[PDB]
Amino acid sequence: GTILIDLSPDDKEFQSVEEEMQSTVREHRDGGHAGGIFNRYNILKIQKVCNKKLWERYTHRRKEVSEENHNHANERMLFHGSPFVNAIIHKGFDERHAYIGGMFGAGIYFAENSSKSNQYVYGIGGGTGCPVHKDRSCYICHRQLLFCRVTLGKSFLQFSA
């Protein structure tokens, strides 16, 4: 039920998403080990992901959370990188996409830094890098990230070392 619609680079929506990607790159403490060494991206394509069934699934849950949090969904746009991205856009997020060894428990993780999510495109810790060259810092192979609407509701603040 999923349709992907290309956005034009001349579209304000395209440019807005690109700017959020580019502006939230940062340096990482692993020196680039997991996600590669870079200060910016070459954006090749941005597509809108459309699925009526999955959208209604999301809004149904959002309404539950909003009402439980006294009419506040606390909805954000956040990045997510994953080897399972192709499965996520067709079937939706579920337990198969969670991080059991995550700092904050077995749940599904999202980032404000695009470069943080880039560290997970090829798996936890960058896995073995791109399929073709086995290079976590590959500058040739095309990568994909999701930019997702996320309902936080009442969010527990955990300071992290």
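When you see a residue number, it is the position in the sequence shown, counting from 1.
Higher mean CA B-factor, judged across 122-130 and 88-96 from the recorded values: 88-96. In this entry, the higher average B-factor at the C-alpha atoms falls on 51-59, of the pair 51-59 and 26-34. Ranked against the other modelled residues of its chain, the C-alpha B-factor of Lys45 as given in the entry falls in the middle third. Sorting the modelled residues of the chain by their CA temperature factor places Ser66 in the highest third. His142: CA B factor in the middle third of modelled residues in this chain (values from the PDB entry).
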